[PDB]
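> Opening piece of the complex, as it sits:
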Amino acid sequence: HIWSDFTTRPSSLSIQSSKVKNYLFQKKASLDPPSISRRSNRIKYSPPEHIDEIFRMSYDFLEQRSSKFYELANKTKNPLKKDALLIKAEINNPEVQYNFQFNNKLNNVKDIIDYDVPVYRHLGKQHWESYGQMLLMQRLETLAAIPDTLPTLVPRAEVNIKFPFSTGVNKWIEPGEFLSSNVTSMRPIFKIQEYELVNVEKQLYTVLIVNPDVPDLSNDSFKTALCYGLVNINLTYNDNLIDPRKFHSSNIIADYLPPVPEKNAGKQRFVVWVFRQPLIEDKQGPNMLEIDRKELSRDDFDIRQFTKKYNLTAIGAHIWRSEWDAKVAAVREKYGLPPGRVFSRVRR
Amino acid sequence: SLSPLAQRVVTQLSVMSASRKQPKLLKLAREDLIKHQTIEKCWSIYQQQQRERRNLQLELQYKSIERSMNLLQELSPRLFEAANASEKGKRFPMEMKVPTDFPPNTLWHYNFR
Amino acid sequence: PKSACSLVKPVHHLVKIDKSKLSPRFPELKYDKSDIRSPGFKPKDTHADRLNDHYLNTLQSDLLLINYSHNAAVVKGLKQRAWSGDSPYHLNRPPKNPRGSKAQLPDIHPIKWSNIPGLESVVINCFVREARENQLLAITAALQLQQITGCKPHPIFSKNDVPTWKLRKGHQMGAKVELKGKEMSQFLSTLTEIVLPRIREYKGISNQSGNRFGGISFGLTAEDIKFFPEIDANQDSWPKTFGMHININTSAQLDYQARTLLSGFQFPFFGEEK
Amino acid sequence: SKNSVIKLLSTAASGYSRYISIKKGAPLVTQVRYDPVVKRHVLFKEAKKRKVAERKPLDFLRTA
């Protein structure tokens, strides 16, 4: 009985609720489900017949399978293979399924869904692939944030942004949203959730918010603008919210300048990109990198060139898009930016 | 309004139709839903295993046949030729019946023709 | 509409966007029909299928043994022939259609452990021709079919028009039902045991019957349908019984293999084979 | 003479009319379009009172 053992196995694989666990594992269908909170509703409810004995048999079967997998898993040396074996062992565990399905994945509590555990991480990845990743990809393609900034994306990390400091309200930004200048007045907060097996201690990350749609009237086209640039950020599967708490002033290659779209300049895409650092062998600890702060410019910014220079690989992305409103002038004034231009309504 | 034949047709139609004959939807609790999922997944896995076992057995049989026929070809050409014939109109014998739920009164016939 | 020009734009990523999942319109429809949470849920594997079990145990190995031909290579079918490039008019020319046929024919593979012939699907086509006069006859035929099978029939409509036979276009006329898996197996077992023996001068299924590739068929008269136990139960409610065609579809490469398979399930075969 | 022209008047008392063409038995038409005068969409009912072929009410409820 491998799934009842918790000597070597993490605590997160068990259900933390006692009542739920008891309901799952009983000898007869006597008890009533903890999910149904209301007595009258519990009374009304009737579970399907014979479900218990069969369930128990299924558990035994899959428990045996897990145990067999574990016999292989411990003998394995290479890490990715071992992780895969662990996943195979525990993915069919009812308790872990309960934990994952019916508790929040975004702000996961460590005791319930631990992303340090490989199985839970795999589940989270699968969940991301099912909806959120696809949506992100659609928003990147439709809005034309991929070819315009950075050729392609192979989504690996799930990136979610927030604007907590400006207004007060709590809301994770859906990709391709129209945010007010009040909302995006102060800086955002990232959460880079990584689902691949990666060296947590060594692996650093960079985050770049880029505005491809600021108008350049000499060229009669647009230019990029690095609105916010962080480097050498340390992520951990559970500890992953990039906040002023975590990153230091040394990490900020270009400190947050807010979206201030001009009147009739149009809708401006702000597409955050998340890259992971190149990992160097034969060097213990996190390998930093120095950025030439005079070389990179904010008013015009070759993202692709920058990536080429520092050998980055874009793992994640997110995007919002701002256009002119009444408060952009106020935002500019607060930041000490100039009055802000006004263009002709007609694109002649 | 309607004839007796028309009425009977309507009744017949109703027998087939889902109009006011079907129950409520099968709702489950989350724990119950999980239990169901675990039952189904395990079953599916078991079925796959069984399929592989049978498939493997069939492959093994095929390999054995191949091994036999090569040997036959090597040794006795006439015997090999006899073995490897077109069995186009081969018919299973009508005595090899599909096994019933419960057996008959006379289990086995000792005399024939 | 400013234009009718259809032109799908290329993309800049290899992620496969399932558009259905991004909507919030059909939340019940996002679940698979196999899943318990879907309203489309049905218990599939309710009991042990008997004919299928028999096939698995006894027949499949026997069939494999029968079909072994030593060092048998693939027989390619009739395909679209390319032009020899002996003229510059061959350069963007469509390929010559197949030799005998207009449509391409499939390759016949050697039978191994993977591709042993087995039952794939049964279809019970009942087109009642008196229903050109009476629509109610189509309904009765559909009911009969349902009774026989335990499966939901689908209505057949008159696809064509013709004056000689008093037939309009778009008129409900009989019904069909594709049986698959366990219900189909049951239906076959009933046919073998109950119904076909009660047909008086029944020699069997013809050996000249069938597709070129793994499909065999036959038909039952209105006299033959009264032997089904569900109709037998209330023959009173089945005065005007209707005949039916029975298309058996196998996983057989060729038709003789399919015939052999059916024989394994106690179907008699009488005529001179092709 | 198989088609004619009616005079879809605007619910809002504006006078705006959107003359459209209809078959002889025109299911009393009612279209929701823009009333420039009142700067908003609004329903347009027929003006002169014509006629509709006896159209049977649909039997949504089972009867007789």
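Thanks, I have it. Numbering: from 1, shown residues only, chains lettered A, B, ... in the order given.

> Just read off the phi/psi values of residue C:176.
Residue C:176 adopts backbone torsions of phi -130, psi 170, taken as degrees, to the nearest 10.

> The nearest residue to residue C:20 once chain neighbours are set aside: how many residues sit nearby?
In this structure, residue C:20 finds its nearest non-sequential neighbour in residue C:30, 7.0 Å apart by Cβ to Cβ, 6 or more residues apart in numbering or on different chains. Using the backbone N, CA and C atoms, a C-beta is placed for each residue, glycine as well. By the criterion of other Cβ atoms under 10 Å in any protein chain shown, residue C:30 has 17 neighbours.

> does residue C:30 really touch residue C:21, like I thought?
Yes: using Cβ atoms under 8 Å, residue C:30 is in contact with residue C:21, at 6.6 Å.

> how far away is the residue nearest to residue C:20 from residue C:43?
Distance, residue C:30 to residue C:43, using Cβ to Cβ, to the nearest Å: 21 Å.

> go on, residue C:8?
Using Cβ to Cβ, residue C:8 is found at 41 Å from residue C:43.

> need the contact list for the nearest residue to residue A:194 once chain neighbours are set aside.
In space, and not counting its chain neighbours, residue A:194 is closest to residue A:157: 4.8 Å by Cβ to Cβ, 6+ apart. By Cβ atoms under 8 Å, 6 or more residues apart in numbering or on different chains, the residues touching residue A:157 are A:192, A:193, A:194, A:195, A:196, A:274, A:276, A:315, A:316.

> Which of the three states applies to the first one?
Okay, so that is residue A:192. strand (DSSP: H, G, I helix; E, B strand; the rest coil).

> do the same with the last one
The three-state assignment at residue A:316 reads strand, by three-state DSSP.

> pretty sure it is in contact with residue A:242, am I right?
No: the pair residue A:316 and residue A:242 fails to qualify as a contact (Cβ under 8 Å) at a distance of 11.5 Å.

> Find the residues that touch each one of the two.
Joint contacts of residue A:316 and residue A:242 (Cβ under 8 Å, 6+ apart) are residue A:192.

> more neighbours, the two?
The residue with more neighbours, out of residue A:316 and residue A:242, is residue A:316; 25 against 22, by other Cβ under 10 Å.

> So what pairs up with the more buried one in the strands?
Counting by DSSP bridges, residue A:316 forms beta bridges with residue A:274.

> residue in the stretch 1-150 of chain C nearest to chain B?
Per Cβ to the nearest Cβ, residue C:113 is where the stretch 1-150 of chain C lies closest to chain B, at 3.7 Å.

> with the structure above as the base, add chain E:
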Amino acid sequence: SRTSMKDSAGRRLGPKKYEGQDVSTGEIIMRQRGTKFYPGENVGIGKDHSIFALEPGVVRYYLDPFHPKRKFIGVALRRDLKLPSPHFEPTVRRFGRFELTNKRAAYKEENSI
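Below is chain E, added to the chains above:
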């Protein structure tokens, strides 16, 4: 005797703006009856499948690797460019506006929602 003396004045329907040519937003690059030529980069296709100018540039009839067995007629925003544009790259884009440098002009545009 009935005389088939009737026919229709042919429709001027061909390229109307040729290669390397300099168009302007909204010009007819090719009347056609049929999508013989499909709208391509920076061009628009009208009701009759007529192809028109969206950006002021240079018309370039070019095939396309993505869409095979088809032919486009686009309008790069500049001659130096080759309209069978790469793909995985930035897309040329044109801003098209003159910043109201007039105080009054800018004020009116801004003050007015």
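
> Residues of chain E that sit close to chain A?
Proximity of chain E to chain A, by Cβ under 8 Å from any Cβ of the partner chain, involves residues E:87-100, E:105-106, E:109-110.

> can you do 10 Å?
Taking Cβ under 10 Å from any Cβ of the partner chain, the part of chain E that reaches chain A is made up of E:25, E:55, E:77, E:85-102, E:105-113.

> Give me the buried entries from the residues you listed.
Neighbour-count burial (16 or more other Cβ atoms under 10 Å in any protein chain shown) is assigned, among those, to E:25, E:55, E:77, E:85, E:90, E:92-97, E:99-100, E:106, E:109-110.

> Sitting in helices, which of those do you find?
Cross-referencing those against helices under DSSP state H gives E:106, E:109, E:110.

> where's the residue nearest to the second one when sequence neighbours are not counted relative to residue A:211, distance?
If I follow you right, that is residue E:109. Nearest residue to residue E:109 in three dimensions, chain neighbours excluded: residue A:342, at 5.2 Å (Cβ to Cβ, 6+ apart). Residue A:342 sits 18 Å away from residue A:211, going by Cβ to Cβ.

> Residue C:192 too?
For residue C:192 relative to residue A:211 (Cβ to Cβ), the value is 75 Å.

> Also residue C:31?
40 Å.

> what does residue C:194 give?
77 Å.

> Compare neighbour counts for the two and give me the winner.
Between residue C:194 and residue A:211, counting by other Cβ under 10 Å, residue A:211 is the more crowded of the two (25 against 13).

> In contact with the more buried one, which residues?
Taking Cβ atoms under 10 Å, 6 or more residues apart in numbering or on different chains, we find residue A:211 in contact with A:149, A:222-228, A:257, A:259-261, A:268-271, A:298, A:301, A:321-322.

> For the stretch 101-250 of chain A, which residues are neighbours of chain C?
Contact residues, the stretch 101-250 of chain A versus chain C (Cβ under 10 Å from any Cβ): A:129-142, A:144-148, A:150-155.

> Any chance of a ChimeraX selection covering the buried ones in those residues?
Applying 16+ other Cβ under 10 Å to these leaves a buried subset, and the ChimeraX line that selects it is:
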select /A:129,132,133,134,135,136,137,138,139,140,141,144,145,146,147,148,150,151,153,155
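
> Helices - which of the residues of the stretch 101-250 of chain A next to chain C land there?
Counting by DSSP H, these contribute A:129-130, A:132-142, A:146-148 to helices.

> In the chain, mark out all the strands, start to finish.
With no chain named, the answer covers chain A. Under the criterion DSSP state E, strands of chain A are mapped to A:157-162, A:189-194, A:204-210, A:214-216, A:221-223, A:226-234, A:241-242, A:252-254, A:268-276, A:313-322.

> wrong one, chain D
Along chain D, counting by DSSP E, strands occupy D:3-5, D:8-10, D:17-18, D:21-23, D:30-35, D:40-45.

> okay, chain F goes in next:
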Amino acid sequence: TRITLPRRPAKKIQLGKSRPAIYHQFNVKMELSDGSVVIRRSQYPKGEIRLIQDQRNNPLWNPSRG
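One more piece, chain F, placed on the ones above:
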């Protein structure tokens, strides 16, 4: 001339809400010509049937054996 049942307005089955037709079926025991019993699911209400003319007493299906 053509005898018909005239259709009422059809009931809108919404997408996702369509449910599979699970007909009411009884487990029915068929005893064949000889004493071999076989269970089959059947829509008609009869728990037991015994058959007179079957494959198990037809000469075509077993050549060797008012």
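
> try the neighbour count of residue C:30 again now we have chain F.
For residue C:30, the count of nearby residues is 18 (other Cβ under 10 Å).

> Determine the three-state secondary structure at it.
Secondary structure state of residue C:30, per three-state DSSP, is coil.

> does the longest helix seen in chain C come close to chain D?
Ranked by residue count and defined by DSSP H, the top helix of chain C is helix C:135-149. No: Helix C:135-149 is not in contact with chain D by Cβ under 10 Å from any Cβ; minimum separation 17.4 Å.

> Please report the distance of the residue nearest the centre of chain D from residue D:42.
Using Cα atoms, centre = their mean, the residue of chain D that lies closest to the mean C-alpha position is residue D:29, 2.3 Å off. From residue D:29 over to residue D:42 the distance is 15 Å, taken as Cβ to Cβ.

> OK, contacts around residue C:247?
Shown in contact with residue C:247 (Cβ under 10 Å, 6+ apart): C:121-125, C:176, C:178, C:211, C:215-219.

> That one bridge partners, please.
Judged by DSSP bridges, the bridge partners of residue C:247 are residue C:123, residue C:217.

> now it: how far from residue E:8?
Distance, residue C:247 to residue E:8, using Cβ to Cβ: 54 Å.

> returning to that earlier point: and of the contacts of residue C:247, the nearest to chain F?
Checking the contacts of residue C:247 one by one against chain F (Cβ to the nearest Cβ), the nearest turns out to be residue C:178, at 13.8 Å.

> Specify the beta-bridge partners of that closest one.
Under the criterion used (DSSP bridges), residue C:178 bridges to residue C:123.

> For chain E, what's the nearest residue on chain D?
Nearest residue of chain D to chain E: residue D:39, at 16.4 Å (Cβ to the nearest Cβ).

> how far out from the middle of the chain is stretch B:47-56?
Centre-to-centre, stretch B:47-56 and its host chain are 14 Å apart (Cα atoms, centre = their mean, to the nearest Å).

> what does that stretch rub up against?
A:65, C:45, C:56, C:57, C:60, C:61, C:113, C:114, C:116.

> Over to stretch A:45-58?
So stretch A:45-58 is contacted by A:23-33, A:35-36, A:38, A:92, A:94, B:26-29, B:31-32, B:34-43, B:45-46, C:36 (Cβ under 10 Å, 6+ apart).

> Buried among these? Need that as a selection in PyMOL.
The following PyMOL line selects those of the contacts of stretch A:45-58 that are buried, judged by 16+ other Cβ under 10 Å:
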select buried, (chain A and resi 23+24+29+32+33+35+36+92+94) or (chain B and resi 28+29+31+32+34+35+36+37+38+39+40+41+42) or (chain C and resi 36)
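
> So which of the contacts of stretch A:45-58 sit within helices?
A:23-24, A:94, B:31-32, B:34-43, B:45-46.

> Cheers, nothing more for now.
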